[PDB]
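Novice: Which chain is which? The protein sequence lines are A, B, C, D and E, in order. Take 50 as the starting number for the first sequence in full-length UniProt numbering and just add one per residue. When you line the second sequence up against full-length UniProt numbering, it's residues 1, 4 to 122, in that order. Take 1 as the starting number for the third sequence in full-length UniProt numbering and just add one per residue. Take 53 as the starting number for the fourth sequence in full-length UniProt numbering and just add one per residue. Take 126 as the starting number for the fifth sequence in full-length UniProt numbering and just add one per residue. Even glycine gets a Cβ: it sits at the ideal position worked out from N, Cα and C. Dumping the structure here so I can ask a few things about it.
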Amino acid sequence: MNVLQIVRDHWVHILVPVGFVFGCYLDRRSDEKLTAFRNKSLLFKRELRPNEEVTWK
Amino acid sequence: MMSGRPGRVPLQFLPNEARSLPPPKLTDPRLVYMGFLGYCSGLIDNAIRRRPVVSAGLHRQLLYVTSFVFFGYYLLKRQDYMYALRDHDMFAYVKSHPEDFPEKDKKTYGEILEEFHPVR
Amino acid sequence: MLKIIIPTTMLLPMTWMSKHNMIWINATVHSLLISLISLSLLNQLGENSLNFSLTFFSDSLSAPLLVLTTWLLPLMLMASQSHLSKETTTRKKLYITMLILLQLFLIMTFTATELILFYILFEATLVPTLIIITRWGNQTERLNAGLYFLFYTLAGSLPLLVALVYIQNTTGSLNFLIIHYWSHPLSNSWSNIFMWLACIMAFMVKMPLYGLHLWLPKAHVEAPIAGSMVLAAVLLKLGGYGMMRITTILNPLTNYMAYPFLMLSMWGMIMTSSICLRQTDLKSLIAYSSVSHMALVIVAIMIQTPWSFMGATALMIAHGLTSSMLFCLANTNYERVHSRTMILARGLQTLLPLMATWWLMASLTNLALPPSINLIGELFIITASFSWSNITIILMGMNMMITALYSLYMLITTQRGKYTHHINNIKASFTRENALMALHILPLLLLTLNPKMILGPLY
Amino acid sequence: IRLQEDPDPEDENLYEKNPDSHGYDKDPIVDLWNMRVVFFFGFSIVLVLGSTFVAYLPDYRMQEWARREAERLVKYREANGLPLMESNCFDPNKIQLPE
Amino acid sequence: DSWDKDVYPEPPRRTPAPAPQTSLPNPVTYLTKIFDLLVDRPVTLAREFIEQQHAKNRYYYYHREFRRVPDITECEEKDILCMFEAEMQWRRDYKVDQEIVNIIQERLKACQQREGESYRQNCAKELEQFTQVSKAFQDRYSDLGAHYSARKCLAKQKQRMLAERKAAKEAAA
Ligand SMILES: CCCCCCCCCCCCCCCCCC(=O)O[C@@H](COC(=O)CCCCCCCCCCCCCCC)COP(=O)(O)OC[C@H](O)CO
């Protein structure tokens, strides 16, 4: 149904939504470099559970 | 200032010993911004020549991104070199000059007399 | 963090590459969508600010302003698609480009973790607004108006630049957390006052206090509708955000040096509100009202009291939403009459009955009628000020008394009274203007149920 | 004639071309569609769920966790008879005040 | 009961037995009666239905507990790693102490209506408890500034026994 044209005039609508899902990616990538004191602060440091290896992602 | 350090061979954009540093990763955020600059030149390049900006001469702005990325990449390695160099001989100096860098005494905040000003 | 920024900047290619007539639609879609995502950021923990990285972080103060700016973004698009319809598609796209580029900077500065990073886009907001005021402004004296607005802030901002870099060379980093934890008692040495003056005057200028305020009437009146809202609803408030952030290393020097500003602000609000009582221009009257409310925050922030900060953040937002609405009221009336004089179009209620209502809660909200967020702001500030000194209530309450007279003064002169005979072009209000007006008032009363969201980190 | 210019255009009324005009833009079909966007993506998805989202937001500022701790703490304190909340905060026993 | 009686001491209610002598009917008994079988019972009927449904699928939640962590008086100078734990612990205790005053304030306000015209003398214990709390609260956090930090709280406190011990030296003479 006209798809050759609804795509051309409404392909802009996907830009921002992928931008958001992209924005989460760098958000969930930059934190990895910020690991450092992962389960290290004595306020929150505790015994590591049998299966999971990382307390906070 | 590194203008006359011992070993600086003149007109050497990237000295050989700089290769001992982690090279900039191919998608370094600084690098892609350098690629942005190449693209941003491309859009306006068709603008002055009055061409259909975005869809105008795909070859032209494609070369712009390539040129800016490479010239960016070598710049980043050179940029990383000096900062590594600036920090390197920094540290070599302070060990060579212990007397000018005293280790400040370890006093907790309990013994520190910091006067208090009320807000009233 | 990023989940707001890339959606904002990736919105820019959409408007440029969208269809010829769909620009307003798709921009409005995702601007509201961005607002929804920003609202997801509104959550805050107990005491530690929501920290994201070295480059960005948010606290209980930044978050309410962030959601306000994103919430604003659809409103200018809604408010502007009437006087820009007869314009070339490129200029319309450029106009939209200016707004979101402006709005992008606002997210950046409010979430900035480093004072210099906060500083770089602190003036960078000026460039898009300068274009908006100058190019699309609909007047003659807008040219001198843009010059006044531009130079005033720069004249105050540049001392901050010299001051800020001095902090870097003396106290290491200028990361907001590292300043707060390593704060030291600023001495009384005669250099530290000029230290104090430079770190404060920059936020003073773009928070119009008596004397340093003549740009605002020239800023607001000649600016177009979208320029007026953004300038009055967020731009006067970067100065506010700076003071809550930068006063960490200005104590106890703030205790003694606060006096000239406090007297200037407290007396200024009586003077400025008096100007409102006899303003010939509707837009100017709203503009001067912003000075009075903003000058109240000057006393609020500069007292440096837990309660004072809380009421500041309450007036921080409530005034911005209200001032944007009143500017919408003036704009929605202006093009119908093609003039700015208040007495030009009297008795509008008999002609437009719904706008009579919209003007009515708008005036009531600016009245600080309880329990509107404005009342929570002013009433909290009065108590904090009264604890600081008993006399100030004479000045404080007098402002509310003056604020009553001029607020309903526009109501009676425009809405009530006899309709003007000669005018005959007043058409029934477009439901766009009606929809936009509810877009402003409805969240305001919605905020009344949850003040704790906008009370701030002191809460 | 000073300059060869054009007379000031007259403000068209969107209503007299199409009575149902909503004031969003000239063309009727997009104007009707702009209505749907401004309301559906205005009041509907932002004001309704956004309010519920912020209203049902999880514990903000630990407003209730502190209460529960206070109840337990106050229940501990008067049980032993010592004052229910000390005038001092950082125990002076450790403090090593100068002279 | 959901809350604790020790946290909220409720003196036993003294409800007199109804012993009227006038022959004409007491109306308020009737309005309470009709209310019972028009509002109270239907509300209870719905309530017992919702409460049994709630117990059909019961999900639990607990109360988060923060273990003790070294505070700011033993944290090293600068060293923001230890300052972070210190500041957060102090601010958490600020929240508890704010709630402690809140709990006492409700108890003081609870006396007012509970004691009626006897409020002036009956709960002077409630008055002094709030007086003890408010005065001690003033010595802890008052006048700390809008940018209050555990450093300032220690600083303000360190002045207190500074003056006190100075007064003690003068008192000893
Ligand atoms: C339109 C005019 C300006 C509008 C109002 C702006 C605010 C008014 C004051 C402006 C101050 C600008 C300069 C301040 C820079 C940072 C100051 C700072 O960090 O404090 C220093 C304060 O030191 C200064 O001397 C700062 C400058 C003092 C003011 C004199 C110059 C500024 C005023 C004239 C130029 C600007 C006015 C406009 C001229 C056209 C500390 O250094 P120190 O002196 O303690 O250094 C150690 C030792 O004592 C020796 O250095």
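Residue 2 (chain B) to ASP91 (chain B), Cα distance in whole Å?
Specialist: As shown, the structure holds no coordinates for residue 2 (chain B); chain B passes over it, running from 1 to 4.
Novice: Hey, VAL205 (chain C) and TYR152 (chain C): beta-carbon distance below 7 Å or not?
Specialist: Along the third sequence, read from residue 1 onward, the residue named residue 205 (chain C) stands at position 205. Along the third sequence, read from residue 1 onward, the residue named residue 152 (chain C) stands at position 152. Cβ distance < 7 Å, so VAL205 (chain C) and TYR152 (chain C) count as in contact.
Novice: For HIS272 (chain E) and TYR241 (chain C), what's the separation of their Cα atoms in angstroms?
Specialist: By one-based count along the fifth sequence, residue 272 (chain E) stands at place 147. By one-based count along the third sequence, residue 241 (chain C) stands at place 241. If you take the alpha carbons of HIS272 (chain E) and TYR241 (chain C), they lie about 14 Å apart.
Novice: Report buried or exposed for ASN366 (chain C), applying the criterion of at least 16 other Cβ atoms within 10 angstroms of its Cβ.
Specialist: Residue mapping note: residue 366 (chain C) aligns to position 366 of the third sequence, counting from 1. Its Cβ being crowded by 16 or more others within 10 Å, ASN366 (chain C) is buried.
Novice: Tell me which residues pass a beta-carbon proximity test against ligand 1: closer than 5 Å to any heavy atom, given in chain order.
Specialist: C:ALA155, C:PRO159, C:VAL162, C:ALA163, C:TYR166, C:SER191, C:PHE194, C:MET195, C:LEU197, C:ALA198 and C:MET201
Novice: Within 7 Å (strictly less), CB to CB, does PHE86 (chain A) reach chain C?
Specialist: For the purposes of this step, residue 86 (chain A) is taken as residue 37 along the first sequence, with counting starting at 1. It does not; no Cβ of chain C falls within 7 Å.
Novice: Would you identify the three-state DSSP class for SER243 (chain E), choosing helix, strand or coil?
Specialist: By one-based count along the fifth sequence, residue 243 (chain E) stands at place 118. Secondary structure of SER243 (chain E) (DSSP, three-state): helix.
Novice: Classify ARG290 (chain E) as buried or exposed, calling it buried when 16 or more other Cβ atoms lie within 10 Å of its own Cβ.
Specialist: Along the fifth sequence, read from residue 1 onward, the residue named residue 290 (chain E) stands at position 165. Exposed.
Novice: Report yes if the CB atom of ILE454 (chain C) is closer than 7 Å to the CB atom of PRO64 (chain C), and no otherwise.
Specialist: As a working note, residue 454 (chain C) is residue 454 in the third sequence. As a working note, residue 64 (chain C) is residue 64 in the third sequence. A contact, by the Cβ cut-off of 7 Å.
Novice: As a quick exercise: from D:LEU66, D:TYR112, D:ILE81 and D:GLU138, pick the residue whose alpha carbon is nearest that of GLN263 (chain E).
Specialist: In the fifth sequence, the residue the question calls residue 263 (chain E) occupies position 138. With distances taken between Cα atoms, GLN263 (chain E) lies closest to D:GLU138.
Novice: Got a sec: is the Cβ-Cβ distance from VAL221 (chain E) to anything in chain A below 7 Å?
Specialist: Counting from 1 along the fifth sequence, the entry for residue 221 (chain E) is found at position 96. By this cut-off, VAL221 (chain E) is not an interface position.
Novice: Could you check where the alpha helix (DSSP H) with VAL29 (chain C) kicks off and where it finishes?
Specialist: One-based indexing of the third sequence puts residue 29 (chain C) at position 29. Annotation for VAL29 (chain C): the continuous alpha helix (DSSP H) segment containing it runs 23-40.
Novice: Could you tell me whether the region 91-103 of chain C touches the region 258-277 of chain C, where touching means 3 or more Cβ pairs closer than 8 Å?
Specialist: With the cut-off at 8 Å, the region 91-103 of chain C and the region 258-277 of chain C do not touch.
Novice: Should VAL67 (chain C) and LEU42 (chain C) be called a contact, given that it needs their Cβ atoms to be closer than 7 Å?
Specialist: Here residue 67 (chain C) corresponds to residue number 67 of the third sequence, with the count starting at 1. Here residue 42 (chain C) corresponds to residue number 42 of the third sequence, with the count starting at 1. Yes. Within cutoff.
Novice: Counting only beta-carbon separations shorter than 7 Å, does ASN48 (chain C) have a partner in chain A?
Specialist: Against the third sequence, residue 48 (chain C) aligns to sequence position 48. No, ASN48 (chain C) does not count as interfacial toward chain A.
Novice: From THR15 (chain C) to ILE6 (chain C), what distance separates their C-alpha atoms?
Specialist: To locate residue 15 (chain C), count along the third sequence from 1; it is residue 15. To locate residue 6 (chain C), count along the third sequence from 1; it is residue 6. Their backbone Cα atoms lie some 15 Å apart in a straight line.
Novice: Find the residues of chain C that neighbour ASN86 (chain D), judging by a C-beta separation of less than 9 Å, and give them in chain order.
Specialist: Along the fourth sequence, read from residue 1 onward, the residue named residue 86 (chain D) stands at position 34. Near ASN86 (chain D) (Cβ distances below 9 Å), the residues of chain C are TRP24, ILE25, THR28, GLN81 and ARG432.
Novice: Taking a contact to mean a Cβ-Cβ separation below 7 Å, would you say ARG278 (chain C) touches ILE426 (chain C) in this structure?
Specialist: Sequence index remark: in the third sequence, residue 278 (chain C) carries index 278 (1-based). Sequence index remark: in the third sequence, residue 426 (chain C) carries index 426 (1-based). Between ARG278 (chain C) and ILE426 (chain C), the C-beta spacing is not below 7 Å.
Novice: Please report whether the beta-carbon of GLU113 (chain B) lies at a distance below 7 Å from any beta-carbon of chain D.
Specialist: Within the second sequence, numbered from 1, the residue matching residue 113 (chain B) stands at position 111. With 7 Å as the cut-off, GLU113 (chain B) counts as an interface residue toward chain D.
Novice: With burial defined as no fewer than 16 other Cβ atoms inside 10 Å of the residue's Cβ, what is the status of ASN399 (chain C): buried or exposed?
Specialist: In the third sequence, the residue the question calls residue 399 (chain C) occupies position 399. Buried, since its Cβ has 16 or more Cβ neighbours within 10 Å.
Novice: Have a look at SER339 (chain C) and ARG276 (chain E) and give me their C-alpha separation to the nearest angstrom.
Specialist: Indexing the third sequence from 1 puts residue 339 (chain C) at position 339. Indexing the fifth sequence from 1 puts residue 276 (chain E) at position 151. In a straight line, the C-alpha of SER339 (chain C) is about 58 Å away from that of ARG276 (chain E).
Novice: Taking the alpha-carbon of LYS181 (chain E) as reference, which of E:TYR187, E:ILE197 and E:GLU173 has the nearest alpha-carbon?
Specialist: Working through the fifth sequence from its first residue, we reach residue 181 (chain E) at position 56. For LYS181 (chain E), the nearest C-alpha among the options comes from E:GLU173.
Novice: What do you reckon, are the CB atoms on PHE56 (chain C) and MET10 (chain C) nearer than 7 Å?
Specialist: Position 56 of the third sequence, counting from 1, holds the residue named residue 56 (chain C). Position 10 of the third sequence, counting from 1, holds the residue named residue 10 (chain C). Contact: no.
Novice: How would you list, in chain order, the residues of chain B whose beta-carbon sits under 7 Å from the beta-carbon of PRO144 (chain D)?
Specialist: Numbered from its first residue, the fourth sequence carries residue 144 (chain D) at position 92. Within chain B, no residue comes near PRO144 (chain D); the closest Cβ sits about 10 Å away, beyond 7 Å.
Novice: Mapping DSSP to helix, strand and coil, what is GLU114 (chain C)?
Specialist: Here the question's residue 114 (chain C) lines up with position 114 in the third sequence. Note: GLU114 (chain C) maps to strand in three-state DSSP.
Novice: Short of 8 Å in beta carbon distance, which residues of its chain neighbour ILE34 (chain C), apart from the five on each side in sequence? Order them along the chain.
Specialist: If you number the third sequence from 1, residue 34 (chain C) lands on position 34. Same-chain partners within the cutoff: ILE4, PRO7, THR8, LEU11, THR70 and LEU73.
Novice: Look up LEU77 (chain B) in the DSSP assignment and give the residues it is bridged to.
Specialist: Residue mapping note: residue 77 (chain B) aligns to position 75 of the second sequence, counting from 1. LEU77 (chain B) is not bridged to any residue.
Novice: Any C-beta of chain C sitting closer than 7 Å to the C-beta of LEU64 (chain A)?
Specialist: Residue mapping note: residue 64 (chain A) aligns to position 15 of the first sequence, counting from 1. So, interface residue.
Novice: Given this structure, state the Cα-to-Cα distance separating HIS220 (chain C) from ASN424 (chain C), to the nearest angstrom.
Specialist: Walking along the third sequence from the start, residue 220 (chain C) turns up at place 220. Walking along the third sequence from the start, residue 424 (chain C) turns up at place 424. When rounded, the distance between both Cα atoms is 28 Å.
Novice: Are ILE116 (chain C) and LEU164 (chain C) close, meaning C-beta to C-beta below 7 Å?
Specialist: Locating residue 116 (chain C) in the third sequence gives position 116, counting from the first residue. Locating residue 164 (chain C) in the third sequence gives position 164, counting from the first residue. The answer is yes: Cβ separation under 7 Å.
Novice: Listed from N- to C-terminal order along the chain, which residues in the region 91-106 of chain A have their beta-carbon within a distance smaller than 7 Å of any beta-carbon of chain E?
Specialist: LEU91 and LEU92
Novice: Hey, how far is the Cα of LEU231 (chain C) from the Cα of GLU253 (chain E)?
Specialist: Reading the third sequence from its first residue, position 231 is the one you call residue 231 (chain C). Reading the fifth sequence from its first residue, position 128 is the one you call residue 253 (chain E). The C-alpha of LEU231 (chain C) lies about 53 Å from the C-alpha of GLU253 (chain E).
Novice: Using a Cβ cut-off of 8 Å, pull out every chain B residue sitting near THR305 (chain C), in sequence order please.
Specialist: By 1-based counting over the third sequence, the position of residue 305 (chain C) is 305. Within chain B, the residues near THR305 (chain C) are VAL121.
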